[PDB]
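To start, the structure itself, in structure tokens.
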Amino acid sequence: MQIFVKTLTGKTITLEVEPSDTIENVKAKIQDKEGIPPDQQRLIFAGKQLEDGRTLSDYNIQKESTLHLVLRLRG
Amino acid sequence: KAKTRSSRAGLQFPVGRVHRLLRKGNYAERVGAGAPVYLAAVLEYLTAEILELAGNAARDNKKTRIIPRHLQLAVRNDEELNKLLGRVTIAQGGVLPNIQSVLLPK
Amino acid sequence: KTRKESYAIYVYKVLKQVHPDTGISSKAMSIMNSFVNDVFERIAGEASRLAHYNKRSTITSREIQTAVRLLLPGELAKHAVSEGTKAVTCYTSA
Amino acid sequence: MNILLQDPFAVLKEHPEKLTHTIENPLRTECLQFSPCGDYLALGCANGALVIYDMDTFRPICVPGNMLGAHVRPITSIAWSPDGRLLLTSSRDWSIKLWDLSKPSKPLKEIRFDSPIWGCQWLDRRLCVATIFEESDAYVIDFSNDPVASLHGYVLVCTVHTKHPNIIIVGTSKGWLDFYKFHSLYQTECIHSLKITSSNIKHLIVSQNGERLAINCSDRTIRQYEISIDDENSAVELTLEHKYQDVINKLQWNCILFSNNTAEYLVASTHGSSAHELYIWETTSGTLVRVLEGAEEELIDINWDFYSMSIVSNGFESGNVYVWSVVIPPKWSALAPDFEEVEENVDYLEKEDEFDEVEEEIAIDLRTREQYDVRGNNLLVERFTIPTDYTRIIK
Amino acid sequence: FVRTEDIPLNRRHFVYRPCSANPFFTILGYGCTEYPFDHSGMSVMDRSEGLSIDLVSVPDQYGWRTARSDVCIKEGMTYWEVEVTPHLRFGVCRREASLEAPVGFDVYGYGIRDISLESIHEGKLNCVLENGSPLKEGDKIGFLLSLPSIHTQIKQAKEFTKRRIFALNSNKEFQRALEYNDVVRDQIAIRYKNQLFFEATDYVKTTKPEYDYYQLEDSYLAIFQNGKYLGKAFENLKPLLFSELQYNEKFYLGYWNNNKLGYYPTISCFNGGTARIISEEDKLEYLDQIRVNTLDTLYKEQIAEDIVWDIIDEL
Amino acid sequence: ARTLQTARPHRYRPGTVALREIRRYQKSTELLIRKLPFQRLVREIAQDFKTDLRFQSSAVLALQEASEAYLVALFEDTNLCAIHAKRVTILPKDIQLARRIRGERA
């Protein structure tokens with residue numbers, strides 16, 4: 001299923017995922033689509049930061065949901 | 001491997017060049033190791049600040065090539081870039097449109 | 001032939017990051033080059049004069065700052081000194 | 001809430017970026033201190049006047065000591081109580097005054113000394129730790145009935161560790177860090193000491209999770225260590241992490257501060273002439289990332305509030321109080337349920353359909369509250385309210 | 001599939017046609033070409049710019065686009081087969097329909113859908129046929145289009161005239177003052193980027209004409225899939241004698257049929273859905289189950305009518 | 001409601017063709033003096049200093065640029081002087097006052 005990842009810059013990417021995928025798998029999917037290393041990003045949904053170890057289905061995410069990707073920017 | 005001294009500071013303008021010019025231009029007996037970096041930063045800041053207005057002018061004039069008239073406009077339309085260049089004359093820059101009010105018909 | 005130098009490629013690298021699609025002419029490039037040279041000479045000459053009154057024997061990153069703050073007008077001075085000190089910090093810690 | 005609804009792009013900025021308001025104090029400000037939550041601002045004026053502004057109005061709400069017992073000369077420390085009720089202050093009048101903010105007409109308790117004060121600090125119970133001018137030992141005042149007790153040059157700044165409130169830290173006038181273990185009531189033996197500089201230590205700040213520490217020497221440098229404690233409060237070591245300074249004009253520092261919990265940012269205020277700005281570095285890499293550029297005068301003190309996420313600092317020449325806060329712009333996108341705003345022309349894709357015209361029982365919990373917000377600030381903590389005094393309202 | 005690069009495509013109500021040097025003509029210098037080939041094929045003048053190429057498609061990211069058959073079906077009985085995320089549509093449409101819009105989005109065209117074989121007209125979908133047999137990737141769809149004799153359409157048009165002259169009108173006088181068998185065409189020679197094309201005015205959408213709704217007498221649209229008919233798509237086909245050309249009435253008021261009126265077989269392409277249309281009996285597969293002439297015959301007839309009218313109109 | 005858009009004999013009295021030449025020259029940026037007369041004038045003036053110089057073709061041009069950007073600017077100032085004296089014409093006693101105030105005569 002499709003979910004959305006809205007980047008600050010104005011870009012929204014339409015990732016394809018399954019509800020049984022882990023969030024780590026989601027970060028890997030964002031990488032392999034866009035090349036951003038999972039360590040440098042930060043994913044936000046419904047005001048709560050998605051916790052590193054848990055799974056996508058832990059947050060009841062279903063298809064065509066949108067969620068925000070902010071970068072832990074540095075030098 | 002080598003690493004350009006102007007890339008360690010996020011600059012585009014050359015720092016080794018500016019340093020060699022400060023050294024061999026007879027400005028002082030000794031040149032601090034961070035003076036060329038500061039000076040190159042200031043130079044690129046000024047040139048970006050003027051090139052931005054020049055591009056804005058060349059775009060608001062439906063062209064896509066900065067041209068001396070656009071630099072003259074970008075400078076003389078500002079208020080502080082006008083004092084920095086109050087004495088210069090920009091070749092092929094023309095003049096700024098202006099007509100006095102006593103002359104305009106009634 | 002003898003190779004002379006200029007600031008063409010650097011002005012171009014700055015234009016290609018302020019307006020990523022515009023392109024400069026030739027006479028305008030020579031104008032920007034002579035502008036850079038003129039401001040360079042102004043700033044370095046004032047910095048020298050200032051590193052002379054004080055009897056120092058060197059022209060450091062603070063003579064340059066005071067020169068920039070004397071020559072440049074009201075608001076260009078603050079932004080110029082900010083960019084300068086940012087560059088010098090980013091350079092010294094590397 | 002008002003943040004959960006906001007978009008998590010303009011609300012999750014890492015630190016203030018612009019100044020918004022500039023409080024003017026009739027007297028001259030000398031100390032700033034928010035309440036434990038971003039509710040009240042307890043200012044200590046020039047002549048012992050002590051006001052408590054409210055951050056919702058920026059205008060005063062309570063002047064303790066209006067009946068009696070107020071302070072008479074420059075105040076030097078203002079420490080709140082974790083709940084919000086009690087408030088400790090100390091001035092150059094040698095007196096330490098604890099006020100119960102439920103009856104702010106007069107001081108609740110107070111003690112007097114034989115020398116001016118540098119700073120008082122809370123412990124719970126009710127016991128404060130104080131540093132006196134020119135003395136070489138701290139003071140434990142466990143004044144529920146007003147007793148006072150005592151515990152390398154001098155002692156300037158003290159601070160209690162955040163995770164282990166038995167540990168105490170103190171900096172000397174000669175370069176020595178000295179640690180103490182409050183293993184008792186009025187008998188404390190050191191557990192560690194060392195000397196890192198040849199000049200006076202002026203500030204000792206520690207992150208909220210004891211995993212960092214910073215030090216402002218009289219030398220124009222800032223020493224940042226990564227402290228750690230263990231072994232029933234016996235294991236203690238320091239590892240130099242970074243040194244910050246002003247590479248251009250070698251200015252001095254007036255005050256320093258960290259971020260909230262992991263202390264991913266360090267905020268410092270410069271002291272020399274022509275110095276009007278605040279520096280903001282990281283702490284992992286240590287590289288400069290921001291320079292707050294709002295004021296027009298030497299800035300003495302700093303205070304960060306993580307709930308409203310604002311930096312507050314008092315000027316020196318004038319006496320004003322400038323505030324740099326995160327600013328969120330109004331989004332027209334909210335005016336309707338489906339008004340999504342874009343920045344660039346988006347392309348449109350159409351299905352073949354568009355040209356061709358033509359119970360619930362979800363989990364609902366209304367009595368449960370939310371513990372943490374987007375930023376990560378702990379709600380549900382007791383937030384005592386200063387009682388409004390009506391007597392000074394009729395006129 | 002390739003796109004056209006230097007051809008004027010039909011747009012803004014103008015139609016183009018290539019010509020070749022004909023020295024028998026003195027007033028005009030050129031006469032119509034047969035085609036870039038012998039047989040009838042895809043009319044390149046009235047295509048969308050995005051319509052790529054007897055084979056037509058659009059890229060997989062492009063909205064509904066259409067092409068029309070060159071031959072104009074005026075009357076009689078004509079049969080043919082069209083060979084078949086990527087959708088397509090098969091149908092018939094008049095000239096007023098836009099090449100940008102899917103056949104059946106307006107009131108001037110009637111079409112059918114690839115998925116579920118639903119009939120599309122006036123932008124509304126229909127499921128008149130109860131068979132509901134799905135269409136596969138290699139199916140051949142036959143079309144039998146029967147239209148009334150020219151004389152009855154002419155008399156229906158004359159009835160429309162007799163109503164309009166005073167019954168619908170009671171500058172009125174000028175309108176009341178305003179040839180059915182006779183064809184009068186308008187053609188100007190133009191040169192576009194060193195190439196040579198004829199410019200002709202086209203028709204505009206107007207209010208639907210009403211009185212009972214206008215219907216071609218005993219008009220019928222029949223559809224077959226592999227020999228099996230799936231019903232009659234439409235009966236009450238619109239008359240066209242009803243079809244006002246784009247006209248600057250202001251100009252002539254201030255100063256004070258083109259042989260191409262009919263329904264064209266139209267193929268629509270969506271997100272890469274390709275297809276092809278069959279014209280000639282040798283590659284016709286169900287020509288005998290009707291019992292008739294193929295489209296190619298009417299192609300040759302149109303060629304003859306055009307060249308003869310070109311002959312007469314010289315003087 | 002509809003889609004908005006951006007698109008869908010004679011004798012001029014004295015003083016109007018002037019106000020049009022002003023607008024058409026204040027926007028152009030070419031040189032307003034013929035090139036061969038200025039060539040010859042520069043060559044003739046440089047006789048009084050050294051007999052036979054060769055005047056590289058970019059020197060002459062250079063001079064011309066300055067020689068415009070001076071005169072033009074001068075006229076601006078003189079204009080004000082005229083408008084100051086409550087008139088519209090510019091007279092030789094205006095140019096002299098501009099050059100005096102400005103420092104070129106003292």
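How things are named: the first chain in the structure tokens is A, the next is B, and so on; residues count from 1 in each chain; ligands count from 1 in the order shown.
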So which residues of chain F fall under helix (DSSP H, G or I) by DSSP, listed as an mmCIF file with C-alpha atoms, in the first residue's frame?
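The file below, result_19.cif, is the result:
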data_model
loop_
_atom_site.group_PDB
_atom_site.id
_atom_site.type_symbol
_atom_site.label_atom_id
_atom_site.label_comp_id
_atom_site.auth_asym_id
_atom_site.auth_seq_id
_atom_site.Cartn_x
_atom_site.Cartn_y
_atom_site.Cartn_z
ATOM 1 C CA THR F 16 6.356 67.304 -26.121
ATOM 2 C CA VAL F 17 8.892 65.737 -28.496
ATOM 3 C CA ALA F 18 11.473 66.757 -25.900
ATOM 4 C CA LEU F 19 9.649 64.891 -23.131
ATOM 5 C CA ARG F 20 9.658 61.885 -25.465
ATOM 6 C CA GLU F 21 13.337 62.042 -26.402
ATOM 7 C CA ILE F 22 14.101 62.224 -22.679
ATOM 8 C CA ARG F 23 12.222 58.986 -22.064
ATOM 9 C CA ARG F 24 13.721 57.230 -25.078
ATOM 10 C CA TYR F 25 17.297 58.208 -24.195
ATOM 11 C CA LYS F 35 33.058 57.665 -33.041
ATOM 12 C CA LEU F 36 35.313 59.076 -35.766
ATOM 13 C CA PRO F 37 35.031 62.725 -34.627
ATOM 14 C CA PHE F 38 35.900 61.664 -31.084
ATOM 15 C CA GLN F 39 38.800 59.575 -32.419
ATOM 16 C CA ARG F 40 40.169 62.586 -34.233
ATOM 17 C CA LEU F 41 39.575 64.918 -31.280
ATOM 18 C CA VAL F 42 41.466 62.639 -28.885
ATOM 19 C CA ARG F 43 44.329 62.255 -31.355
ATOM 20 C CA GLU F 44 44.467 66.017 -31.925
ATOM 21 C CA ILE F 45 44.490 66.817 -28.209
ATOM 22 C CA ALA F 46 47.273 64.351 -27.550
ATOM 23 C CA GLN F 47 49.605 66.270 -29.907
ATOM 24 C CA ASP F 48 50.356 68.890 -27.248
ATOM 25 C CA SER F 57 41.751 50.957 -30.005
ATOM 26 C CA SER F 58 40.389 50.266 -26.514
ATOM 27 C CA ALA F 59 41.906 53.449 -25.079
ATOM 28 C CA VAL F 60 39.844 55.796 -27.268
ATOM 29 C CA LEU F 61 36.636 53.913 -26.554
ATOM 30 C CA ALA F 62 37.398 54.030 -22.838
ATOM 31 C CA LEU F 63 37.723 57.802 -22.942
ATOM 32 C CA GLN F 64 34.414 58.118 -24.777
ATOM 33 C CA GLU F 65 32.607 56.256 -22.008
ATOM 34 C CA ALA F 66 33.926 58.611 -19.345
ATOM 35 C CA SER F 67 33.397 61.621 -21.594
ATOM 36 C CA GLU F 68 29.708 60.785 -21.698
ATOM 37 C CA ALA F 69 29.268 59.805 -18.054
ATOM 38 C CA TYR F 70 30.758 63.176 -17.138
ATOM 39 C CA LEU F 71 28.767 65.500 -19.398
ATOM 40 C CA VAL F 72 25.452 63.743 -18.760
ATOM 41 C CA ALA F 73 25.967 63.973 -15.006
ATOM 42 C CA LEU F 74 26.976 67.622 -15.329
ATOM 43 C CA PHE F 75 23.750 68.408 -17.153
ATOM 44 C CA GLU F 76 21.703 66.840 -14.364
ATOM 45 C CA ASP F 77 23.200 69.271 -11.872
ATOM 46 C CA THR F 78 22.777 72.245 -14.187
ATOM 47 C CA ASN F 79 19.138 71.282 -14.635
ATOM 48 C CA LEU F 80 18.506 71.712 -10.923
ATOM 49 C CA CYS F 81 20.154 75.127 -10.968
ATOM 50 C CA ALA F 82 17.783 76.183 -13.738
ATOM 51 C CA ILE F 83 14.771 74.840 -11.860
ATOM 52 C CA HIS F 84 16.118 76.627 -8.793
ATOM 53 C CA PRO F 92 25.668 79.061 -19.481
ATOM 54 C CA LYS F 93 25.454 80.791 -16.110
ATOM 55 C CA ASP F 94 23.979 77.523 -14.807
ATOM 56 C CA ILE F 95 26.830 75.287 -15.974
ATOM 57 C CA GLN F 96 29.323 77.714 -14.447
ATOM 58 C CA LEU F 97 27.507 77.727 -11.106
ATOM 59 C CA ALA F 98 27.333 73.927 -11.056
ATOM 60 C CA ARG F 99 31.042 73.655 -11.814
ATOM 61 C CA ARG F 100 31.834 76.259 -9.156
ATOM 62 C CA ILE F 101 29.762 74.722 -6.348
ATOM 63 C CA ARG F 102 30.932 71.242 -7.308
#
Q. Counting only C-alpha atoms, what is within 7 Å of residue 70 of chain B, bar same-chain residues fewer than 5 positions away, as a PyMOL selection string?
A. chain B and resi 54+57-58
Q. Running DSSP on the backbone, which parts of segment 91-318 of chain D land in strand (DSSP E), as a VMD selection string?
A. chain D and resid 91 95 to 100 109 to 112 117 to 121 128 to 132 138 to 141 149 to 150 157 to 160 167 to 171 176 to 181 190 to 195 201 to 206 213 to 217 222 to 225 228 to 230 235 to 237 240 to 244 253 to 258 266 to 270 278 to 281 288 to 292 303 to 305 310 to 314
Q.
Tell me as a count of residues only which residues belonging to chain B come within 6 Å of chain F, counting only C-alpha atoms.
A. 4
Q: Within 7 Å of chain B, which residues of chain C are there when counting only C-alpha atoms? Please give them as an MDAnalysis selection string.
A: chainID C and resid 10 13:15 18:19 22:25 27:28 36 44:45 48 57:61 64 72:73 80 83:85 87:88 90:91 94
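As for atom CA of residue 267 of chain D and atom CA of residue 136 of chain D, they are spaced 29.0 Å apart.
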